[PDB]
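Please read the structure below before turning to the comments.
Chain letters run A, B, ... following the sequence lines, proteins first, then strands; residues in each count from 1. Heavy atoms only: backbone and side chains are in, while hydrogens, waters and symmetry mates are out.
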Amino acid sequence: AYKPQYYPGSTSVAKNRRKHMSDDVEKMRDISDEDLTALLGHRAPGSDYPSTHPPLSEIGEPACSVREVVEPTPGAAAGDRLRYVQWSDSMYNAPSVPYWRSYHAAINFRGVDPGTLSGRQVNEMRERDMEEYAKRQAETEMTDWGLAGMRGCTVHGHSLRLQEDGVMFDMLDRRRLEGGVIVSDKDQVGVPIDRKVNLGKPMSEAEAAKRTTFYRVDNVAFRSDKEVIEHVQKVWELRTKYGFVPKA
Amino acid sequence: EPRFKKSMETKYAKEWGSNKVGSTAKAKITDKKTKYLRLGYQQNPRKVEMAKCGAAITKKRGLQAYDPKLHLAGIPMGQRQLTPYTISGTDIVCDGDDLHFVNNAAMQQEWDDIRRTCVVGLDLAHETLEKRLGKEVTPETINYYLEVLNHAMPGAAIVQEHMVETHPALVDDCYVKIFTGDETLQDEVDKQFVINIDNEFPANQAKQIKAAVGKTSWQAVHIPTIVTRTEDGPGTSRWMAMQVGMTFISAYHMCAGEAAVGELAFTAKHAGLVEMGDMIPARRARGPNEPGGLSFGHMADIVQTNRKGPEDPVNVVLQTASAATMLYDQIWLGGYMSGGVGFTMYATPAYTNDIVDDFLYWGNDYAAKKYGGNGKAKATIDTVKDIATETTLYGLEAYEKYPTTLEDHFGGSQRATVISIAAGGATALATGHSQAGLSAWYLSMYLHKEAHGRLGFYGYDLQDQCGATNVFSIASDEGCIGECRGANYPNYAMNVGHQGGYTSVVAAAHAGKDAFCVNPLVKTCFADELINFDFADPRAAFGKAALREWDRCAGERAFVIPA
Amino acid sequence: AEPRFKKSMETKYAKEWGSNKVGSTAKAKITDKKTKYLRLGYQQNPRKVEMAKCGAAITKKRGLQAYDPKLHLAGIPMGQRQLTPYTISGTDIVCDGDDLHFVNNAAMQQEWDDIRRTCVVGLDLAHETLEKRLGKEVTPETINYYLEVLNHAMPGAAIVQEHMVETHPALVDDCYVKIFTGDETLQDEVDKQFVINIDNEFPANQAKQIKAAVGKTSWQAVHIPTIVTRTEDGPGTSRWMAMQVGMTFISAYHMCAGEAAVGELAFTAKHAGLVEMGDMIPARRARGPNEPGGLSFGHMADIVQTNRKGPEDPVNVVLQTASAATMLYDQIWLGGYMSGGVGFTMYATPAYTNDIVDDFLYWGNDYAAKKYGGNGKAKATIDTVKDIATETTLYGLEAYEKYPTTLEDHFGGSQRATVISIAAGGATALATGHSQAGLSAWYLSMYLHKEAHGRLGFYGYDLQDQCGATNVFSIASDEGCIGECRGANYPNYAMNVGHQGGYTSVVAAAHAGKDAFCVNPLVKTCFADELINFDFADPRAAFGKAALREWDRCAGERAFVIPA
Amino acid sequence: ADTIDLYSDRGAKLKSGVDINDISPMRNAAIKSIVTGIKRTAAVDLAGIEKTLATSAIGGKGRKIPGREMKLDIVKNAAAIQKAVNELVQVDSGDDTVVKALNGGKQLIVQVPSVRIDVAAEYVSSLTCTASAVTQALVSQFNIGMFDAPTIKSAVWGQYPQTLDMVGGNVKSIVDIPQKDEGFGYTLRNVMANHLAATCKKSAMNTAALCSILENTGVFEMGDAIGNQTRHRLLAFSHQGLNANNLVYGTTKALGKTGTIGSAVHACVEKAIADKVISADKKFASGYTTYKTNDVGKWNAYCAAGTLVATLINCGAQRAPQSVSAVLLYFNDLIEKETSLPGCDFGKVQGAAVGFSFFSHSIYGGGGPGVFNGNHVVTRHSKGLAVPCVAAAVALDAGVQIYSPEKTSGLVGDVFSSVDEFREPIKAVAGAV
Amino acid sequence: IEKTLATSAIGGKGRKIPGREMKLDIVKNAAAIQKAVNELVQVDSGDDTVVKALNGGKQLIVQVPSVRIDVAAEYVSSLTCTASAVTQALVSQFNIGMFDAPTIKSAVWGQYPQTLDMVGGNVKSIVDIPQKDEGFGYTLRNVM
Ligand code: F43
Ligand SMILES: C[C@@H](OP(=O)(O)O)[C@H](NC(=O)/C=C/CCCCSSCCS(=O)(=O)O)C(=O)O
Ligand SMILES: [K+]
């Protein structure tokens, strides 16, 4: 068939980037379905998924050769709302970086709407489908709950100096260290919730450095990843040349 | 030491208000960690002034106004410490709040001074008088014309009786000067009216301007600020033409309304007119003399730093970045095209804390030493790739080595703008080539994205990703020499972080080498200390107004309202 | 009875003003055909003297020639005839023409800023978006929190982020948002500080008529800062509004701060739910929305608020409308935006000074009311139009002829033609309740006037005049248009003084004392608000107070951030 | 000449060995018929005029003129009005004029005779001659007197000429007014995505094709298909918009149950390698290999097809349109990372998608996919290879958007969808070769 | 075009870009440029395209083939296809390199697309741009 190569580079950062692209990521913690739903803030934990329109089984869909061959996701078939999960990841070697959360979405999940920014990365999907994606990113090495947070608003922190306890600042204090583990007692837009979710011990600085997809000069310098730089320069050169004359 | 050492020490190792940054929250500029004291807005005297004003407004008017407690979640700003800004190249320290265009009179006046200005030829008008009426035009007739024009231009009567006039006390910022390549005319016109090219420009620059303009003559017209604020940019050439036309009637003893006056109207309003820019398309509909129509070459030529200090072309580029980024991002994109809190901090990297300055000086030193001086690097893909890559790596590593700089430029858009200004500016200065500078800007962005796994806000790199391929495209709506791109070049028409940066890249292709980038008439028009805003030193004006000490604001209604 | 202008003519031509000697040497009876020309120069007039002294000080301070009355053509300064004053119509406020130039009169500037900085924005589609996409429940309580936050944020303050720059409240105290609604429960349950209460602001018949038009729908009346509208332009208003409306929905409904539903709320605020004052105009005169060229006469008539305060005097409603509209369209728009310089103050002052147009319009209305049996009762026919227009025109012409003082005040034929046609058109529209009939009368008046005097207005005054009669009832592409929807971009009307504010008064005359609005109940209700800096219910009073430099509601100054 | 096979919207081979030049807008008879047909077509809302008049809601945007209400039984008299409009719009009896009532007489389709567009600068006679004919026909049918005629006219034409467009009027086209063009050649690119989905009755392949025909005809009018661009444009047009070689529909079907955006990227690279469009170039020490192409036009066209495949499978999976912005971005970003070759349109699809994502998920402007078009400042930047995906995505909505074609496009969709070649353009284009 | 390039007077309205001057013998090579533009503007060899050098090679008349206006919304392909054909023909005739090609393009097209029209350019019609229409049907009425 075809075996994807994903991305250049031989550094740990490049290898971690290929892990995130390919969903080859280690499960680090367990988060219950109801705890995740509580943190997301879109419905009561355990409750039925609200609908924005009727289930497809109750709708007369237009005749369309594409609809005939593209299977709806479970959330689309059910008429779920489009809801989201949004993450902020510290530039001090959080495991994830925004574009790579989006590549993880686009490569590995059907029916995604990812958005990449510097201080936030978001994915909108039919609600039940979104929860499957959110759980995977939340439970695996892609999220360190000290260096990252779930933040649907008021995201400030990715580029700020870390707190003295090593955790990334949250203006809204949705999650924090308590007894050596990260705990969270607010939903992702800052609304207090009636539970306290245990999100595990944060990674040490040394483990973050080994798992990060971020290039940082005193860990794995971007300058040292000669393959990635050569790749960038090649794509730039070809885009430039073909914009003048579109000929090999 | 890096150029931003002092500014980072001011911001992160000295008290500001009662933010405790002189004590418990003090940091070394390399520290990766800090304290979050959650003092709220009361740590910052400026915020406290704003809060007390807001509460007084609510009470006086009976309708809710500003209240920091109305932040989302009822958690007020100042959870992190609130820290200051230093105007780059200066020791002026202020709050970000002192730099919003709404709160900074010098910023408003910069835009008013552009909006209210046009350049208008004299040669076609004089030819009309000579041919149609047989009039003789001399320095004496021109001098009387200019005396009457300066009385009339602010809105005073020449011909009729029992007339209403604008009040001089409200319009003292309105006037007309002339400039000319005709050296004899330059000397015979009364000096009060003349922008003397020899006096205002170093000899080499004066020679280059005179070569471009030949023996032609021009009026530099500045209509009243109170008018430009009441009206819009398209009102400027119209106001000018009314009073030019009235003055020709009197100074040449015409019928006060004959066919020759109509040909003088077409001259002033169309054939002889140089506006700052033309109209823009319907979705963003505006007429001439608005920021969307302002080309980057015109904006670079408005800025006057190159005639005062061409020996520091990097400083020329940085001052250009300051004036242009303020206008394009704060007033235009953050005002005209959006609004609200707007885009002060997207723009402040161009003129605060010495960070972009550090990176651009570094890239220029790199390229100057390597290629044998400014302007001497060949404009090729290999030159562009080298300067852009090395400058980008320097900037990224600086943010990584100095956490204070990363925290100041907390948004990726800010960081991407800063580094691409440095990479594009260093390349343009090295090559003397605006297109090469644009190509470097885009390569920088692409490297930056891969280094950090992020770039700017959601929509930052629209133009970025179209960028490399469109530098040397010849397509209808893609091909354009850099100097003639502007805020309506299609890919550039929406987003912060770019327009003022490109203006600085265009300036970099000419700074210290040429007297102007695209228009010697615009360049010469603004070479005038009577213009309220100091286009040679925009940073100093921004800073003086940040302190509420800048004294050249025009257009107020104070004279005709109670205290 | 004596003509309505008797007092004003006595003030102008039989009482001293400054040292003009009109109280003695140059005093006249208001019917005298002759007078003296004393050639006193500008020094007879304290306002001119103040201007001359300021000009000489500017010349000296800046080293560059400024105002000097000696630079008049031939070196003969103004004031060869005596310089005489103006009385604001319906008042005892006496001032110089110089106190009424838009540049010199802060109330005139604020009238325009208050229109330019305003838009109306629906709430229903936004609430529907929240309900459908997110499943949110919208209640009076959620709306009240939304409106509290919106009034904090609209002037330019932060809601979601941290370490933010904000506009200074001291500079933006004129910016706010109110709501109005045809839903009576919502009107009661929203916090009263935010509500334009239709029942409280309008007489019961007008309130009922507004509510019938608006149904149960709900609207935001948004006024962005004056300092911003002055820095920017009219097209900036809806954009400013939409940014802060969007931010407030994010917080008030706990949305992701930037999700697809926010984008549909943006389209709602900026397009589907938006009522601007007017739209863009063509390239030759290129401007975007919320500029005077795009302002329809119906909207301008609806902005003026006299009809909700004093519908029992519909002529006064028409006259106040003529005043606010003529100032804007002739002084600021045609005499400013579209030209400039000394401009067009005196082309406009007949609409609001010396009680002359007022005399003529009261006369025409009395003629038509008596003849046809009251306002609104005359059939809209050629015969009705011909009668009212001809008799009102003859009255006005004969008045100028009987009273040389009035002819000398309205010294330009354009002024006279505007005055008489306002009277003929306004009387016809009031009699018929019909804007088209009023326009037909306006043009017949002009044609009679030209033949009577062998002159009409300035060189280009009657372009629209001569196209006028034939285009009133044309259905051609760019000619057909019901009167209320004509405006400053109707082709024939796009250039010339003396008409746009007059037509606005004719449109108002077709509705004054009969209907709550002419064309748009949303615009009408938006401006029914005493917090708006300019008093749209009594524009004449505001013009006059500001002519005396006593009007104290100017917004937008930079005083707070500059030295004394 | 390059030759392609043309396939239907469901993967049936229609024509074999077609010279790509024969699908050019400059040669294909069906493209000429569709474009000129659209220029000639206007929608009349007879029910809308009747309601506007009854409620004196003259000019829209909240307006009502008290006292000017008029009750005319327009819809009941639709047959007489159709006849009169036909006679007024035609130039000669028996010419190519079409006037038909739709939906119980609530609407008319008008197609002005061709000469009114041939001997004319642009397309607007379809709006103006229709509006004049309707206004005259109503005045005559209902014996309207002079003093009321302006009320009829403004009910039909809206606020024109105070406004540049017919604001609040009842005569519309899928094309907007020429003064709103962003630049030269943008008129045919100013058709809202929702209008296209309604015209094609939400068949995603046909919606993509109609949009691609208009976008690519626009690229020609822009002057951007001359010389060294012509083949390049025709390859990407045929491969993205006309299902050339069944690449779009066949790959969509193969990926339709389990495929993601990444699956579509990988399928495109796999097919390009198998077809010898790209081949391995430089192998780095990690094992990563860059790729080179021998045919930029063909590689670009494969990327254009793949961008649409990814849209159809990802938007189809959501049964919603909003993700199309992300699809266009990430398909192209990822294919560049996979190959070290430029993505579709050399970055311009990705760039348009960056701004489109922002302007469909933020406070600042835009909206849902349905409001975009090739003339929109946000989505204009690709040379015709982005918006056809946007329109297809809209077609796939099962009910998520507020500003859907049902809300924005009912009149024009009802009228334009009645025209077979507009609604079924793939069939038409292939039938002409 | 030749003078615009030689004086770097790119964009008109007083402009000059120092350092970007280019000396091309365009008028002397008008016959070769005519032939190349003819090949670029036509759709099929032998169609109704006209390209003719006038007045000593100082000008061309171009009439685009009818299909470029028939299968199009407006008339503007006469301007755009001509400007593109001339730009490409000059780049080819004079072997212009990539870094200079935007200079050629802006000499031909003027300030477009920063401006809506080809301000300072060298391709013109008697008709003005459709965005300047005062209303529907005014394009053929906008001839000075
Ligand atoms: C609501 C949006 C979505 C949108 O359409 N605009 C927002 C908000 C808007 C508001 C925020 C005002 C407020 O706090 O109430 C304003 C000021 C525009 C306005 N309406 O006046 C703005 N952003 Ni935003 N916005 C900014 C930025 C940013 C950065 C902030 C990252 C961080 O770590 O804090 C990110 C984008 C990114 O991640 O790259 C961002 C996103 C966002 N930006 C998210 C909210 C983020 C959050 O939930 O915290 N902005 C910046 O990167 C710096 C400049 C700063 C702007 C203010 C100024 O220039 O003075 C402001 C520009
Ligand atoms: C796109 C279009 O809006 P429309 O779709 O409503 O016509 C257009 N608006 C704009 O282009 C707006 C430009 C300025 C605002 C956005 C600048 S990018 S900086 C914001 C980034 S963040 O802080 O939110 O992350 C207009 O004409 O108003
Ligand atoms: K203004």
Side-chain angles (χ1 to χ4, degrees), chain A residues 1-2 4-10 14 21 52-54 56 59 61-73 75-77 79 81-82 99 102-103 105-116 122 124-126 129 226-227 230-231 234-235 238-240 242-243 245-248, chain D residues 9-10 201-205 228-229 232 249 252-253 256-262 266-267 269-270 273 284-290 292-297 300 312-314 316-320 322-323 325-326 330 333-334 336-338 340-342 346-347 357 361 392 395-396 398-400:
Chain A
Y2 179 71
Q5 60 179 0
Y6 298 110
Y7 194 66
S10 62
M21 280 172 130
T52 189
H53 61 71
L56 300 180
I59 289 181
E61 286 179 81
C64 170
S65 61
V66 172
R67 291 188 187 218
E68 284 164 8
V69 300
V70 179
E71 181 76 9
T73 65
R81 299 170 299 168
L82 272 286
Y99 280 106
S102 290
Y103 303 146
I107 294 167
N108 300 288
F109 295 84
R110 300 186 71 236
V112 297
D113 178 27
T116 301
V122 59
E124 303 195 37
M125 303 174 74
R126 295 280 184 166
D129 312 332
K226 302 294 191 263
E227 293 189 18
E230 180 167 352
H231 162 78
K234 179 53 65 163
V235 174
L238 297 179
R239 286 172 161 197
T240 299
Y242 297 164
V245 178
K247 174 169 203 50
Chain D
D9 64 323
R10 45 185 64 258
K201 295 302 191 173
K202 300 186 200 158
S203 163
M205 293 288 298
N228 67 9
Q229 296 288 346
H232 182 82
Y249 190 72
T252 296
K253 179 183 189 154
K257 275 168 198 233
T258 64
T260 66
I261 296 160
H266 300 158
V269 176
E270 178 171 49
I273 291 168
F284 294 166
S286 69
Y288 181 92
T289 184
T290 70
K292 62 179 172 200
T293 185
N294 59 9
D295 190 338
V296 164
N300 187 67
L312 296 176
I313 71 183
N314 190 74
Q318 285 203 344
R319 292 290 200 270
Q322 64 192 68
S323 71
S325 61
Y330 292 100
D333 189 357
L334 287 171
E336 287 185 347
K337 285 169 161 58
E338 184 66 29
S340 303
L341 287 170
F346 315 131
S357 294
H361 299 76
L396 291 162
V400 173

Under 4.5 Å from a heavy atom of chain D, the part of A:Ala63 involved: backbone

Nearest heavy-atom neighbours spanning A:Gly111 and D:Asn314: N-OD1, 3.1 Å

Part of A:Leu82 lying under 4.5 Å from any heavy atom of chain D: side chain

Distance check, rounded to the nearest 0.5 Å: A:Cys64 atom SG versus D:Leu312 atom CG? 8.0 Å

Taking every heavy atom of D:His361 against every heavy atom of D:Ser325, the minimum-distance pair comes out as CE1-OG, 3.5 Å

Backbone of D:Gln318 reached by a side-chain donor or acceptor of A:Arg126 within 3.5 Å: yes

Side chain A:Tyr2, main chain D:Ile273, donor-acceptor under 3.5 Å: no

Option that, when pairs with chain A are counted at under 4.5 Å, heavy atom only, ranks first among D:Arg10, D:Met205, D:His232: D:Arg10

Flag side-chain contact, heavy atom, 4.5 Å: A:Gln5 against D:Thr289: yes

Which bit of A:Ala1 comes within less than 4.5 Å of chain D, counting heavy atoms only: side chain, backbone, both or neither? both

Counting only non-hydrogen atoms closer than 4.5 Å, does D:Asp333 touch chain A with its backbone (N, CA, C, O), its side chain (CB onward), both, or neither? side chain

Would you mind telling me which of D:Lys337, D:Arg319, D:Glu270 has the largest number of heavy-atom pairs within less than 4.5 Å of chain A? D:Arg319

Identify the two heavy atoms, one from A:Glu227 and one from A:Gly9, that lie closest to each other, and give their separation to 0.1 Å. OE1-N, 2.9 Å

Who wins among A:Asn108, A:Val112, A:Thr52 for the most heavy-atom pairs under 4.5 Å with chain D? A:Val112

SB check A:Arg110 A:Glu71 (cutoff 4.0 Å): no

Any donor-acceptor pair under 3.5 Å linking the side-chain atoms of D:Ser286 with those of A:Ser10? no

How close do A:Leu238 and D:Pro342 get, counting heavy atoms only, and between which atoms? CB-CG, 3.5 Å

Option that, when pairs with chain D are counted at under 4.5 Å, heavy atom only, ranks first among A:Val69, A:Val66, A:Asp113, A:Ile107: A:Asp113

Are the side chain of D:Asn294 and the backbone N or O of A:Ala248 linked by a donor-acceptor pair below 3.5 Å? no

Checking A:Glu61 against chain D: side chain, backbone, both or neither under 4.5 Å from a heavy atom? side chain

Counting only heavy atoms closer than 4.5 Å, note whether A:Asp129 contacts chain D via side chain, backbone, both or neither. neither

For each of A:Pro54, A:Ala76, A:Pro246, A:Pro62, tally heavy-atom pairs with chain D at distances under 4.5 Å, and name the one with the top tally. A:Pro246

Top residue by heavy-atom pair count (under 4.5 Å) with chain A, among D:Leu334, D:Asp295, D:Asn300? D:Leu334

If only side-chain N and O atoms count, and only distance matters, is there a donor-acceptor pair under 3.5 Å linking A:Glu230 with D:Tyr288? no

Return the option, out of A:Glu124, A:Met21, A:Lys234, with the maximum number of heavy-atom pairs under 4.5 Å with chain D. A:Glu124

Against chain A, label D:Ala395 side chain, backbone, both or neither, depending on which of its atoms sit under 4.5 Å from a heavy atom there. backbone

Ranking A:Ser102, A:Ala105, A:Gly243, A:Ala77 by heavy-atom pairs under 4.5 Å to chain D gives rank one to A:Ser102

Could you look at D:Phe284 and say if it's the side chain, the backbone, both or neither that has a heavy atom under 4.5 Å from chain A? both

Selection from D:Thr293, D:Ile261, D:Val269, D:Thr260 maximising heavy-atom pairs under 4.5 Å formed with chain A: D:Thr260

If one checks every heavy atom of D:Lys201 against chain A at 4.5 Å, the contacting part turns out to be backbone

D:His266 portion near chain A, given a 4.5 angstrom heavy-atom threshold: both

Please classify the contact between A:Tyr6 and chain D as side chain, backbone, both or neither, with a heavy-atom cut-off of under 4.5 Å. both

Look only at the side chain of D:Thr290 and the backbone of D:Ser340, and say whether a donor-acceptor pair between them is shorter than 3.5 Å. no

Can you tell which part of D:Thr258 gets under 4.5 Å to a heavy atom of chain A, answering side chain, backbone, both or neither? backbone

